[PDB]
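Enquirer: Encoded as C-alpha cells, here's the structure I'll be asking about.
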Protein chains: 2
Amino acid sequence: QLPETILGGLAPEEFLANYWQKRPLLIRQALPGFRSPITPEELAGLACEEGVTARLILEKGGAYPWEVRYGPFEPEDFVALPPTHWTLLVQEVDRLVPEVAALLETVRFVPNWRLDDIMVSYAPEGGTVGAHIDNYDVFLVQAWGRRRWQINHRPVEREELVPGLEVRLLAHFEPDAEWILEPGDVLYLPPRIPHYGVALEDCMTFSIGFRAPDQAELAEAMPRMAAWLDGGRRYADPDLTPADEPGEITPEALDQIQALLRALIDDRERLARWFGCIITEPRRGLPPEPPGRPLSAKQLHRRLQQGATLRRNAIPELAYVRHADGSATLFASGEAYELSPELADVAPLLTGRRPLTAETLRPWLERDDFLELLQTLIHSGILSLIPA
Amino acid sequence: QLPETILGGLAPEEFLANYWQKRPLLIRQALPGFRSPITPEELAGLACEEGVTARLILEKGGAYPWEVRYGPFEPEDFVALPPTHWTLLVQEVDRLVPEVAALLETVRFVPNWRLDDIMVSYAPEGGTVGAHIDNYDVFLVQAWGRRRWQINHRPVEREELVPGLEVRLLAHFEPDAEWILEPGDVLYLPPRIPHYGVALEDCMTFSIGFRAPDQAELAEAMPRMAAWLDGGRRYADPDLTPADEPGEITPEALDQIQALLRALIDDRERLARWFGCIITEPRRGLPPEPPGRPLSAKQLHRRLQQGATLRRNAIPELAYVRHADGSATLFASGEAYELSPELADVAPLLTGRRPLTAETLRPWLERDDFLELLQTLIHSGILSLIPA
Ligand SMILES: O=C(O)CNC(=O)c1nc(Cl)c2ccccc2c1O
Ligand SMILES: O=C(O)CNC(=O)c1nc(Cl)c2ccccc2c1O
Ligand SMILES: [Mn+2]
C-alpha cells in the first residue's frame, strides 16, 4: 500500500538529473494517505530500549535554553515535560521497526550504500531543532500533524554558528521560501541547504537520511584494509647511501612511502572489498540480531517452498560488487561473502527490489552452496524468515 | 668510550653498498672493550616496571617445552628459575637506560626513523630463543660472555614453523656458517636470515633493531591523517542515473572513492606530516616522561651558557622533513612541530648527531622562537637538560 517511489508523478531519471544534490524540491502528497505506523508513545518506547541513539531538545523549559538530554532513557523522564517547545529525535528506527523500514522501498533509485537511516521525530506544538544545515541529502516526510518549513535555496559554504549552545545553530538565517506540510507531503533537501522547521501541532517527521563518505572517514576506515593484506610489500632501501643528516626523512624515502600506499589504493579487487565492508558496517550501536534458534538447510528449503518469505532487515547495510572474473562479493553489515561465478547473480537479487520467495529464488534454490549462504545470512540476522 | 660507527675497519659507504639488506657481516671487536652497562638484576628490575615489554623463555624445565612468560614481572618470578636453558628479553631498554641508548650513536649512518629499539637479553648457559627469522635488519652486539651463533646465508621466502609453541621456531634449519662471539663482537643480519644463538655461559646480548613499515602497517596508521583534514572532500554524485540494480557498488563510485584516497597520498606536504608522526610515534607502552620542574626561557638560556648540555632521550623518535617553501616540520614522539623557513635549519641540528651545547646552539639561542620550542621539547621529555 505504498507507491513505487517517493517522487509522486516525477520519474527518477528526471529527478536525479535536475534536483539530486543540486536544489531542493517540494513534492506535495508524495505518499497519499500515509500516516505514521508508529505512535509518539511507541517512539518514546524505543527511546528507552538499550543500544538506541536518542536526543531530547528543549528550546525552553529546561534548566538552560536549548538543553540537550541524551539517551538511553527511563519512562519517568517523559511525563515531566512542558506542554510545548521540546522535541524527541530517535535514530535508526528503520532498524528497530520493520514497518518503518517499509518506507525505504520508495527510494530505491538511489543505491543501497548511499542510504543511512530513517530517524523519527516527535514534537508537540512549537517544537523544533532550530535553523540548521546537514552534510547529507534528506527526504523530510510528514507522517503526522503539520510542520512549517522555512528554507534557503542558496547552499552555505561557510557555517556561521551560534556560540556556546551545544546544538548546531545558524546565527544569521534568511528564508526565501516558507511551506506548510501535511501528512504525505515530502520535502527533498540536498546537502548544506539551511532549513528551519516548526511544529504547528502535535506532529511527527520521518527523516530519510543518506550518507556520503568524506576523506576523514575513509582514512579512519583504512585499518580494515589490513585484513586482506598478509603484510604486503615492505619498505626496502638496499641502495641506501650514508645519511648526511640522520634525522631527515629524505625525498627518496617519501617517494617509496607514496608508492606503497598507491599500490594499495590502485588495487581494485582489494579496494572494492574494503569499501564494501566499511560502508555497510553498522555506524552506531545496532548490529544485526541473530534469531532464536538454529535452522537446517533442509528445513529452510522446505519452509521456503511452502510460501515462507525472506525479509531484508537492513537494506542500507546490504550491497555487492562484481569482479572481472565474473565472481562477486556480497556485503552484509560489515562482512564479506565471496560468490563464485556460478552464484554471482544472487547478489543483485538479495540486495535488490524484488521480493524473496520460492518463485523468485527458484533458479539457485537447489544448489547446496546457495542454501548455506541463506543459512548464514539468516543466522547472522541479515535476513528474517517470515511465515505466510 | 665508543667508536664513531659500529663497523670498525669498514667504511659506511662500503657497508651500505655491499651488505645492507643483502649479505650478513661479522665484525669482530666492532666495539673494543665494550661491556654491558647494566647487569642481569638491573635488567630484571626493568622487566618488573609497569608498561615494559619483557619475555621469559624456558626451552626446558618449564611447565612445558618452550614455555613463555610475559611481563611485567615481580622479583619473585626470578628466584626459582632453572639453573640453565632459559632467557630474559626486554624491549626498548634504550628508552629506559641512557647508557644503553649511548650505543645508538654508532649506527647514525642510518636515518633515525629507520631505528626501532635496543633489545637487551640475558641468558645462562644453554639459553636461547631458538632458531628463527626476523623481518628486519639487526646488529647483534655481544655485551657479555660467549655466544655461539649459527646462520644461513640464503634468506627465507616462506617460513615453515613448528606448530603450536607460542614461539616462532623453524622446523627445518640447516646452517652453513658458525661463529662464537665475545664481548665487543657484532653480527649484522639482513631481513629474513635464519639465525640460531646459544649462550655458552652467562650471556648478555644487545640487539640493535631496525624498522621498515609494510603496507599493512601504513594502512593501520592512516587514521592519523584525519587530524589535518578538517573533514576533507566528500563523495558526490550529482549526475547519478537511476540504479538498474540498487545494491551494486558501481565502478564509477569506486573510481571516485579511489580518487578521494589518492588525493591524500599525492598531496606530498600533507603525507610528509602524517608519516613523520606515525613513524616517530611510540611503538608500545612506554610514554616519554616530563621533568620534575618547569624551566623558563631565561633559566634555560642561563644554564646552557653555564655549561649545560641537552640530551636526546629517544633518537629513533626524532625526525624532520623539509617542505617546498623552505619551511620544515620537526617530528618528536609522534608530535609535529612546525618551523618557519628562518628557523627551518635547527631541525637537522636537534635530530642530528652533533652535541647540543651553548656553542652548537649559539646562533639560535638569541631567538625567542627557538627557546619556546626547546621549552616544549623539554616539557614533553624529548630532550633532557644535563649539567656538565
Ligand atoms: O663469567 C662468569 O662466569 C661470571 N660473570 C658474571 O656472572 C657476570 N655476568 C654478567 Cl651478564 C654481567 C653483566 C654485567 C656486569 C657484570 C656481569 C658479570 O660479572
Ligand atoms: O636466589 C637463589 O638462591 C637462586 N637465584 C638465582 O640463581 C638467580 N637469582 C636472581 Cl635474583 C636472578 C636475577 C636476575 C637474573 C638471574 C638470577 C638468578 O640466576
Ligand atoms: Mn536536518
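Ordering of the C-alpha cells sets the chain letters (A, B, ...), residue numbers begin anew at 1 in every chain, and ligands are numbered from 1 in the order given.
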Taking only range 52-225 of chain A into account, list the residues labelled helix (DSSP H, G or I) by DSSP (computed from the backbone), as an MDAnalysis selection string.
Expert: chainID A and resid 76:79 93:96 98:106 112:114 215:225
Enquirer: Which residues of chain A come within 6 Å of chain B, and for each one, what is the closest pair of atoms and their distance in Å to one decimal, counting only C-alpha atoms, sorted by chain and residue number, as CSV?
Expert:
```
residue,atom,partner,partner_atom,distance
A:13,CA,B:242,CA,5.6
A:20,CA,B:238,CA,5.8
A:21,CA,B:238,CA,5.0
A:109,CA,B:242,CA,5.0
A:111,CA,B:246,CA,4.2
A:112,CA,B:247,CA,5.2
A:212,CA,B:235,CA,5.1
A:213,CA,B:235,CA,5.6
A:214,CA,B:234,CA,4.0
A:215,CA,B:232,CA,5.0
A:216,CA,B:226,CA,4.8
A:219,CA,B:223,CA,5.0
A:220,CA,B:223,CA,4.1
A:222,CA,B:219,CA,5.5
A:223,CA,B:220,CA,4.0
A:226,CA,B:216,CA,4.9
A:231,CA,B:216,CA,5.1
A:232,CA,B:215,CA,5.2
A:233,CA,B:214,CA,5.5
A:234,CA,B:214,CA,4.0
A:235,CA,B:212,CA,5.3
A:238,CA,B:21,CA,5.3
A:242,CA,B:109,CA,5.0
A:243,CA,B:109,CA,5.1
A:245,CA,B:352,CA,6.0
A:246,CA,B:111,CA,4.2
A:247,CA,B:319,CA,4.4
A:248,CA,B:320,CA,5.1
A:249,CA,B:321,CA,5.6
A:319,CA,B:247,CA,4.5
A:320,CA,B:248,CA,5.1
A:321,CA,B:249,CA,5.7
A:351,CA,B:247,CA,4.9
A:352,CA,B:247,CA,5.7
```
Enquirer: Got time to write the residues from that selection, N, CA and C atoms, as a compact mmCIF listing (two decimals), in the first residue's frame?
Expert:
```txt
# COMPACT_ATOMS: atom_id res chain seq x y z
N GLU A 13 14.74 9.22 -13.17
CA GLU A 13 15.75 9.73 -14.10
C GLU A 13 15.69 11.24 -14.22
N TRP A 20 18.73 16.06 -7.61
CA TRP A 20 19.61 15.30 -6.73
C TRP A 20 20.96 15.99 -6.55
N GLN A 21 21.25 16.38 -5.32
CA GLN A 21 22.50 17.05 -4.96
C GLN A 21 22.67 18.37 -5.71
N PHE A 109 15.88 4.21 -6.11
CA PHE A 109 16.56 4.74 -7.29
C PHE A 109 17.95 5.22 -6.88
N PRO A 111 21.39 4.11 -4.84
CA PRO A 111 21.99 2.84 -4.42
C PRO A 111 21.91 2.62 -2.91
N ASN A 112 21.99 1.35 -2.50
CA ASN A 112 21.82 0.98 -1.10
C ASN A 112 22.82 1.64 -0.17
N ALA A 212 27.39 10.18 2.60
CA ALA A 212 28.47 10.34 1.64
C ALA A 212 29.79 10.42 2.41
N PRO A 213 30.69 9.44 2.22
CA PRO A 213 31.94 9.48 2.99
C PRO A 213 32.83 10.66 2.62
N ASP A 214 33.38 11.33 3.62
CA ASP A 214 34.44 12.32 3.39
C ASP A 214 35.78 11.61 3.48
N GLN A 215 36.86 12.35 3.25
CA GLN A 215 38.19 11.77 3.29
C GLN A 215 38.54 11.32 4.71
N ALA A 216 38.11 12.11 5.69
CA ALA A 216 38.44 11.83 7.09
C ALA A 216 37.91 10.47 7.52
N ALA A 219 39.84 7.63 5.73
CA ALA A 219 41.15 7.45 6.35
C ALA A 219 41.03 6.62 7.62
N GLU A 220 39.98 6.88 8.39
CA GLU A 220 39.77 6.19 9.66
C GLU A 220 39.35 4.74 9.45
N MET A 222 40.57 2.83 7.02
CA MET A 222 41.65 2.14 6.32
C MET A 222 42.35 1.02 7.10
N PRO A 223 42.35 1.07 8.45
CA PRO A 223 42.99 -0.05 9.15
C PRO A 223 42.35 -1.40 8.85
N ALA A 226 43.98 -3.98 6.33
CA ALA A 226 44.98 -4.92 6.82
C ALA A 226 44.46 -6.36 6.82
N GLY A 231 50.43 -8.69 5.38
CA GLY A 231 51.66 -7.92 5.45
C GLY A 231 51.81 -6.98 4.26
N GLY A 232 51.93 -7.56 3.07
CA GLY A 232 52.08 -6.78 1.85
C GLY A 232 53.52 -6.40 1.59
N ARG A 233 53.73 -5.48 0.65
CA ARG A 233 55.07 -5.04 0.30
C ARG A 233 55.71 -4.23 1.43
N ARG A 234 57.01 -4.43 1.62
CA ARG A 234 57.76 -3.82 2.71
C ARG A 234 58.72 -2.75 2.19
N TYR A 235 58.83 -1.65 2.92
CA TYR A 235 59.82 -0.63 2.62
C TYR A 235 61.21 -1.26 2.58
N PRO A 238 67.96 -0.98 -0.15
CA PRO A 238 69.26 -1.63 -0.33
C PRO A 238 70.29 -0.67 -0.93
N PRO A 242 74.99 6.73 2.86
CA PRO A 242 75.13 7.23 4.24
C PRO A 242 74.41 8.55 4.47
N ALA A 243 73.65 8.63 5.56
CA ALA A 243 72.82 9.80 5.82
C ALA A 243 73.65 11.04 6.10
N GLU A 245 72.21 14.03 6.96
CA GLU A 245 71.52 14.35 8.20
C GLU A 245 70.65 13.15 8.60
N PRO A 246 71.00 12.45 9.70
CA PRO A 246 70.28 11.21 10.03
C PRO A 246 68.81 11.42 10.38
N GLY A 247 68.45 12.63 10.80
CA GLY A 247 67.09 12.91 11.18
C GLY A 247 66.17 13.18 10.01
N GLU A 248 66.73 13.27 8.81
CA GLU A 248 65.93 13.63 7.65
C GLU A 248 65.20 12.44 7.06
N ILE A 249 63.88 12.56 6.97
CA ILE A 249 63.08 11.69 6.13
C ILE A 249 63.26 12.19 4.70
N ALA A 319 24.92 -4.64 0.20
CA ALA A 319 25.50 -4.20 -1.08
C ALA A 319 26.33 -5.31 -1.72
N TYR A 320 26.79 -5.08 -2.96
CA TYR A 320 27.61 -6.08 -3.64
C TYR A 320 28.51 -5.47 -4.72
N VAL A 321 29.46 -6.27 -5.19
CA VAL A 321 30.42 -5.84 -6.20
C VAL A 321 30.74 -6.99 -7.16
N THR A 351 20.01 -8.13 -2.78
CA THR A 351 20.18 -6.72 -2.42
C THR A 351 19.17 -5.81 -3.12
N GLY A 352 18.45 -6.35 -4.10
CA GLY A 352 17.61 -5.54 -4.97
C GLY A 352 16.19 -5.32 -4.47
```
Enquirer: Kindly provide, as a list in words, all nucleotide and amino acid residues lying within 7 Å of ligand 2, counting only C-alpha atoms and all ligand atoms.
Expert: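 Final answer, ordered by chain and number: residues 40, 41, 44, 78, 79, 80, 81 and 83 of chain B.
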Enquirer: Which value, in Å to one decimal, gives the distance between CA of residue 294 in chain A and CA of residue 387 in chain A?
Expert: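 Taking CA of residue 294 in chain A as the start and CA of residue 387 in chain A as the end point, the length is 16.2 Å.
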Enquirer: Go ahead and compute the interatomic distance for CA of residue 300 in chain A and CA of residue 280 in chain A, in Å to one decimal.
Expert: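 CA of residue 280 in chain A lies 25.7 Å from CA of residue 300 in chain A.
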Enquirer: Hey, which residues sit close to ligand 1? Say within 12 Å, counting only C-alpha atoms and all ligand atoms, and write them as a ChimeraX atom specification.
Expert: /B:34-44,87-88,120-125,142-147,182-183,199-206
Enquirer: Based on the selection just made, write N, CA, C and O atoms of those residues as a compact mmCIF listing (two decimals), in the first residue's frame.
Expert:
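And here's result_20.txt as it stands now:
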```txt
# COMPACT_ATOMS: atom_id res chain seq x y z
N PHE B 34 84.01 -3.11 24.95
CA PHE B 34 82.65 -2.79 25.34
C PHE B 34 82.02 -3.91 26.17
O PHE B 34 81.80 -5.01 25.67
N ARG B 35 81.72 -3.60 27.43
CA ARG B 35 80.95 -4.48 28.30
C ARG B 35 79.60 -3.84 28.56
O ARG B 35 79.42 -2.64 28.35
N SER B 36 78.64 -4.64 29.01
CA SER B 36 77.28 -4.14 29.23
C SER B 36 77.24 -3.12 30.37
O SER B 36 77.87 -3.32 31.40
N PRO B 37 76.49 -2.02 30.17
CA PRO B 37 76.37 -1.01 31.23
C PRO B 37 75.38 -1.38 32.33
O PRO B 37 75.41 -0.76 33.40
N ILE B 38 74.52 -2.37 32.08
CA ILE B 38 73.60 -2.86 33.10
C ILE B 38 73.84 -4.34 33.39
O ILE B 38 74.43 -5.05 32.58
N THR B 39 73.38 -4.79 34.56
CA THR B 39 73.53 -6.18 34.97
C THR B 39 72.20 -6.92 34.86
O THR B 39 71.15 -6.29 34.75
N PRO B 40 72.24 -8.27 34.87
CA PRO B 40 71.01 -9.07 34.77
C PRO B 40 69.96 -8.72 35.82
O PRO B 40 68.76 -8.79 35.53
N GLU B 41 70.39 -8.36 37.03
CA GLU B 41 69.47 -7.97 38.08
C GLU B 41 68.92 -6.57 37.82
O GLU B 41 67.77 -6.28 38.14
N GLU B 42 69.75 -5.72 37.23
CA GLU B 42 69.31 -4.42 36.77
C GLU B 42 68.25 -4.62 35.69
O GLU B 42 67.24 -3.91 35.65
N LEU B 43 68.50 -5.59 34.82
CA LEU B 43 67.59 -5.91 33.73
C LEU B 43 66.30 -6.51 34.26
O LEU B 43 65.21 -6.20 33.76
N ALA B 44 66.42 -7.38 35.26
CA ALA B 44 65.24 -7.97 35.89
C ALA B 44 64.40 -6.88 36.54
O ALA B 44 63.17 -6.97 36.56
N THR B 87 65.93 -17.70 29.06
CA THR B 87 66.35 -16.37 28.64
C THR B 87 65.35 -15.31 29.08
O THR B 87 64.14 -15.53 29.06
N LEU B 88 65.88 -14.15 29.47
CA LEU B 88 65.07 -12.96 29.69
C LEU B 88 65.32 -12.01 28.53
O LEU B 88 66.46 -11.82 28.13
N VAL B 120 67.64 -5.85 25.00
CA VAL B 120 68.65 -6.49 25.83
C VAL B 120 68.15 -7.83 26.33
O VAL B 120 67.00 -7.95 26.77
N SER B 121 69.00 -8.85 26.25
CA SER B 121 68.63 -10.18 26.70
C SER B 121 69.71 -10.77 27.59
O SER B 121 70.90 -10.60 27.33
N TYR B 122 69.29 -11.45 28.65
CA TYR B 122 70.22 -12.21 29.48
C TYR B 122 69.90 -13.70 29.40
O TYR B 122 68.74 -14.08 29.30
N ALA B 123 70.95 -14.52 29.44
CA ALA B 123 70.79 -15.97 29.42
C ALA B 123 71.92 -16.67 30.15
O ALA B 123 73.09 -16.32 29.97
N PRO B 124 71.59 -17.67 30.99
CA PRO B 124 72.64 -18.57 31.48
C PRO B 124 73.11 -19.52 30.39
O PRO B 124 72.67 -19.39 29.24
N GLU B 125 73.98 -20.46 30.73
CA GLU B 125 74.47 -21.45 29.77
C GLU B 125 73.32 -22.18 29.09
O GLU B 125 72.36 -22.57 29.73
N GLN B 142 77.34 -8.49 21.14
CA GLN B 142 77.69 -9.27 22.32
C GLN B 142 78.22 -8.34 23.40
O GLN B 142 79.23 -7.67 23.21
N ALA B 143 77.53 -8.30 24.53
CA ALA B 143 77.84 -7.35 25.59
C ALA B 143 78.47 -8.04 26.80
O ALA B 143 79.10 -7.38 27.63
N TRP B 144 78.30 -9.35 26.89
CA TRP B 144 78.95 -10.12 27.96
C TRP B 144 78.95 -11.61 27.64
O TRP B 144 77.99 -12.15 27.09
N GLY B 145 80.05 -12.28 28.00
CA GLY B 145 80.15 -13.72 27.86
C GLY B 145 80.29 -14.15 26.42
O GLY B 145 80.47 -13.32 25.53
N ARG B 146 80.20 -15.46 26.19
CA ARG B 146 80.34 -16.02 24.85
C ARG B 146 79.04 -16.62 24.34
O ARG B 146 78.33 -17.30 25.08
N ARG B 147 78.73 -16.35 23.08
CA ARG B 147 77.55 -16.90 22.43
C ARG B 147 77.92 -17.51 21.08
O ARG B 147 78.68 -16.92 20.32
N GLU B 182 82.55 -13.00 21.21
CA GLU B 182 82.97 -12.49 22.51
C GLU B 182 82.55 -11.03 22.62
O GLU B 182 82.24 -10.40 21.61
N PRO B 183 82.51 -10.49 23.85
CA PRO B 183 82.12 -9.08 24.03
C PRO B 183 82.84 -8.12 23.09
O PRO B 183 84.06 -8.20 22.95
N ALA B 199 73.85 -19.47 24.21
CA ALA B 199 74.85 -18.97 25.16
C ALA B 199 75.72 -20.10 25.69
O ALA B 199 75.22 -21.18 26.01
N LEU B 200 77.02 -19.84 25.80
CA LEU B 200 77.97 -20.82 26.32
C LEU B 200 78.31 -20.54 27.78
O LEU B 200 79.09 -21.26 28.40
N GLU B 201 77.70 -19.49 28.33
CA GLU B 201 77.94 -19.07 29.70
C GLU B 201 76.97 -17.94 30.01
O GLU B 201 76.10 -17.66 29.19
N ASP B 202 77.11 -17.30 31.16
CA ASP B 202 76.27 -16.15 31.47
C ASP B 202 76.43 -15.12 30.37
O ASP B 202 77.54 -14.67 30.07
N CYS B 203 75.32 -14.74 29.75
CA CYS B 203 75.34 -14.01 28.50
C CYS B 203 74.47 -12.76 28.51
O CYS B 203 73.39 -12.76 29.09
N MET B 204 74.97 -11.70 27.88
CA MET B 204 74.17 -10.51 27.60
C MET B 204 74.35 -10.13 26.14
O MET B 204 75.48 -9.94 25.68
N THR B 205 73.24 -10.01 25.41
CA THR B 205 73.28 -9.60 24.01
C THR B 205 72.42 -8.36 23.78
O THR B 205 71.29 -8.29 24.24
N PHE B 206 72.98 -7.40 23.06
CA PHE B 206 72.26 -6.19 22.68
C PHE B 206 71.88 -6.23 21.21
O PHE B 206 72.75 -6.15 20.34
```
Enquirer: Grab the CA of residue 161 in chain A to CA of residue 176 in chain A distance for me, in Å with one decimal place.
Expert: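 Result for CA of residue 161 in chain A versus CA of residue 176 in chain A: 19.4 Å, one decimal.
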Enquirer: Using only C-alpha atoms, which residues sit within 10 Å of residue 291 in chain B once same-chain residues fewer than 2 positions away are excluded, as a VMD selection string?
Expert: chain B and resid 289 293 to 295 378 to 381 383 to 385
Enquirer: Create the file for the chosen residues now, containing C-alpha atoms and written as a tab-separated table (two decimals), in the first residue's frame.
Expert:
```
chain	number	residue	atom	x	y	z
B	289	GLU	CA	58.23	11.43	30.79
B	293	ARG	CA	60.03	21.10	37.46
B	294	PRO	CA	59.30	23.73	34.77
B	295	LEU	CA	62.06	25.93	33.29
B	378	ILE	CA	61.98	19.52	27.43
B	379	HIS	CA	58.48	19.73	28.91
B	380	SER	CA	57.42	16.64	26.96
B	381	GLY	CA	60.59	14.72	27.77
B	383	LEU	CA	65.19	16.48	25.47
B	384	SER	CA	66.71	16.22	28.95
B	385	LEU	CA	68.79	19.08	30.32
```
Enquirer: Could you list, as a VMD selection string, all residues that come within 7 Å of ligand 3? Count only C-alpha atoms and all ligand atoms.
Expert: chain A and resid 132 to 134 195
Enquirer: Residues at most 7 Å from residue 177 in chain A, counting only C-alpha atoms, excluding those fewer than 2 positions away in the same chain, as a ChimeraX atom specification?
Expert: /A:150-152,175,179
Enquirer: Report as a PDB file with N, CA and C atoms, in the first residue's frame all protein, DNA and RNA residues lying within 8 Å of range 56-60 of chain A, evaluated on only C-alpha atoms, omitting residues in the same chain fewer than 6 positions from it.
Expert:
```pdb
ATOM      1  N   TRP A  66      17.775  25.731  25.030  1.00  0.00           N
ATOM      2  CA  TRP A  66      18.314  24.700  24.146  1.00  0.00           C
ATOM      3  C   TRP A  66      19.102  23.644  24.918  1.00  0.00           C
ATOM      4  N   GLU A  67      18.437  22.945  25.831  1.00  0.00           N
ATOM      5  CA  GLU A  67      19.084  21.863  26.557  1.00  0.00           C
ATOM      6  C   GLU A  67      18.972  20.577  25.753  1.00  0.00           C
ATOM      7  N   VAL A  68      20.026  19.768  25.783  1.00  0.00           N
ATOM      8  CA  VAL A  68      20.045  18.502  25.061  1.00  0.00           C
ATOM      9  C   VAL A  68      20.322  17.339  26.009  1.00  0.00           C
ATOM     10  N   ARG A  69      19.290  16.537  26.258  1.00  0.00           N
ATOM     11  CA  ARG A  69      19.413  15.349  27.095  1.00  0.00           C
ATOM     12  C   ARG A  69      19.518  14.111  26.212  1.00  0.00           C
ATOM     13  N   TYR A  70      20.514  13.275  26.488  1.00  0.00           N
ATOM     14  CA  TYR A  70      20.797  12.107  25.658  1.00  0.00           C
ATOM     15  C   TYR A  70      20.287  10.810  26.274  1.00  0.00           C
ATOM     16  N   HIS A  85       7.239  23.184  22.973  1.00  0.00           N
ATOM     17  CA  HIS A  85       8.590  23.676  22.716  1.00  0.00           C
ATOM     18  C   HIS A  85       9.680  22.708  23.171  1.00  0.00           C
ATOM     19  N   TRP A  86       9.452  21.424  22.921  1.00  0.00           N
ATOM     20  CA  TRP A  86      10.503  20.423  23.005  1.00  0.00           C
ATOM     21  C   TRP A  86      10.317  19.441  21.860  1.00  0.00           C
ATOM     22  N   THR A  87      11.308  18.589  21.632  1.00  0.00           N
ATOM     23  CA  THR A  87      11.215  17.593  20.573  1.00  0.00           C
ATOM     24  C   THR A  87      12.096  16.389  20.882  1.00  0.00           C
ATOM     25  N   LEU A  88      11.641  15.218  20.451  1.00  0.00           N
ATOM     26  CA  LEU A  88      12.375  13.973  20.634  1.00  0.00           C
ATOM     27  C   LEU A  88      12.834  13.442  19.285  1.00  0.00           C
ATOM     28  N   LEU A  89      14.109  13.074  19.196  1.00  0.00           N
ATOM     29  CA  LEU A  89      14.668  12.516  17.971  1.00  0.00           C
ATOM     30  C   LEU A  89      15.283  11.153  18.252  1.00  0.00           C
ATOM     31  N   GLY A 127       7.511  22.803  18.866  1.00  0.00           N
ATOM     32  CA  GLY A 127       8.728  22.021  18.983  1.00  0.00           C
ATOM     33  C   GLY A 127       9.593  22.146  17.743  1.00  0.00           C
ATOM     34  N   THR A 128      10.896  22.317  17.946  1.00  0.00           N
ATOM     35  CA  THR A 128      11.831  22.457  16.837  1.00  0.00           C
ATOM     36  C   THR A 128      13.256  22.107  17.254  1.00  0.00           C
ATOM     37  N   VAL A 129      14.132  21.989  16.261  1.00  0.00           N
ATOM     38  CA  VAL A 129      15.559  21.793  16.489  1.00  0.00           C
ATOM     39  C   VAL A 129      16.301  23.092  16.183  1.00  0.00           C
TER      40      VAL A 129
END
```
Enquirer: List the spatial neighbours of residue 9 in chain B as a list in words - criterion: any atom at most 10 Å away, only C-alpha atoms, same-chain residues fewer than 2 positions off excluded.
Expert: residues 5, 6, 7, 11, 12, 27, 28, 29 and 30 of chain B
Enquirer: Return the single residue from B:382, B:308, B:140, B:356 that is closest to residue 333 in chain B, with distances computed using only C-alpha atoms.
Expert: B:382
